[PDB]
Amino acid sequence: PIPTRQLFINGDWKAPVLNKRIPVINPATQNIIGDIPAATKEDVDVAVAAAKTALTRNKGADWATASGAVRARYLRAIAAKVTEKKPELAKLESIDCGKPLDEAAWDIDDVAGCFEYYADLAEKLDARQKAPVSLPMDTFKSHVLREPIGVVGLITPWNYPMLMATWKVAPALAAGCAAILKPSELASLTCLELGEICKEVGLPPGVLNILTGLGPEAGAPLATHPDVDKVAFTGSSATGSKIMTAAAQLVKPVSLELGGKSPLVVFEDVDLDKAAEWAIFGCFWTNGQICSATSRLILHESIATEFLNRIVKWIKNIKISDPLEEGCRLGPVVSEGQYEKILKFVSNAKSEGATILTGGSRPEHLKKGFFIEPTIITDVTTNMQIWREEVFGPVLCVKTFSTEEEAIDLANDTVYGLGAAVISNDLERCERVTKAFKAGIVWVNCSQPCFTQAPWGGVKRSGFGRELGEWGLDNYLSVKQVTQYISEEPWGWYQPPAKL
């Protein structure tokens, strides 16, 4: 059932030069279920060269210098193909990364949705070219051209395998770039299947190249390659640093989407079951593996007790099972390494004097797989590890407040600044807290809903630059100023040689 593939390079399948391969593990069962190719520098070198050629081939006429509407057709066709293979792609996603099937299906709709969104942006791009710049002199004219930034390396995480890749691939292709996508080794199946869809769409060879493998072996050489114009990255802050470090040696532009410790602030004037559902979605959905997870509950003390009672009840209704099982609302975490790391976060918080209100370990009824109960940790102190560090599992901590000012202070109490959410019936209070949040994304009376139309990214230690929306496309376009002297007069700055 699980496909066996090569690297996708220059329009076709291709064995890694050193022919190495790595396991595919199903997090729900812990069994090895196949393998994926493991790329090295010599594969990067081939892929990058293929990308270069794809940009220059035929004067760039098939891709780079073609009109946006031409690229748009390719992106619409990729979108229709994804929609066609939805049932299979969603199942491979759930198998590969462990998210509930109903989540994977949502992801696959949004992959198609993203390609279509950027296809429409590609059609609008042609009219955006040669944008006049108004000048305070009639002796010059100036305009702007928007050109493909060039060869791009795209390095993505496993929590939303196909979708994270798409967020980068769609605008990059829409802008006329040629991409090397390096998906997470923990979940590469659906990205490899993106290769097949490229073949079936007839996407020009070298325009998209997919290289699976270990981060240091296959990701790292993208950031140190003379012919890579930009690296776009989503994942850990630590890996971000390393990639940014390496790129510096060649002053290569890098964009970083990183993790966070996002706050959800819940005021007293709310429907408790609505606010309880959003809090669970904010921390436990995607099996807690959300970069922008509201993993810190900032809860008005007047309702603390009854909110926590309600939220625990909701947790008890969450069906935790194999992701493919009907009605699944929580799957296993992606891997053994993470499973053990998450539980260590829970025990450390126990060792520091915090209370496990609910959850804390694997569920009793599941013997195999990396399953963890939705955990709520209470009696939490500002200096505890649980409060400051990203857990990336179904683990929420709770602190209480009374004043709006104290809630904001607790909210902004972190080195990160990706997401933030406020829930209150008082809308002027929502706006006030919105403005006070030091985050790139703020949700009002919800937590987590993510639209392709709107800009996505962090402040402080959560990285920089925005993806999605028009920002997403602009990340892959280089701006060229064209300024023209239209006066027939000599510049007249230097003294001319006398005539005779």
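All residue numbers are counted from 1 along the displayed sequence.
Worksheet item: Mean C-alpha B factor from the entry: is it higher for 303-311 or for 69-77?
Response: Higher mean C-alpha B-factor: 303-311.
Entry-level comparison of average CA B-factors, 151-159 and 129-137, reporting the higher stretch:
Comparing 151-159 with 129-137, the higher average CA B-factor belongs to 129-137.
From the list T190, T381, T212, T234, select the residue with the highest C-alpha B factor recorded in the entry.
Comparing C-alpha B-factors across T190, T381, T212, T234, the top value belongs to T381.
Per the entry, which of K99, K182, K350, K168 tops the list for Cα B factor?
By C-alpha B-factor in the record, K350 ranks first.
Inset, instruction - Quick one: classify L264 as lowest, middle or highest third of the chain based on its Cα B-factor. - result: For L264, the deposited C-alpha B-factor lands in the middle third.
CA B-factor placement of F281, once the chain's modelled residues are sorted into thirds: Within its chain, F281 is a middle-third residue by C-alpha B-factor, going by the deposited values.
Record-listed C-alpha B factor of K230: chain third: CA B-factor rank for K230: lowest third.
Taking the values exactly as deposited, rank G113 by C-alpha B-factor within its chain and report the matching third: lowest, middle or highest.
Tercile = lowest for this residue's CA B-factor.
### Message
Could you place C177 in the lowest, middle or highest third of its chain by Cα temperature factor, using the values in the record?
### Response
Lowest third - that is where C177 ends up once the chain's C-alpha B-factors are sorted.
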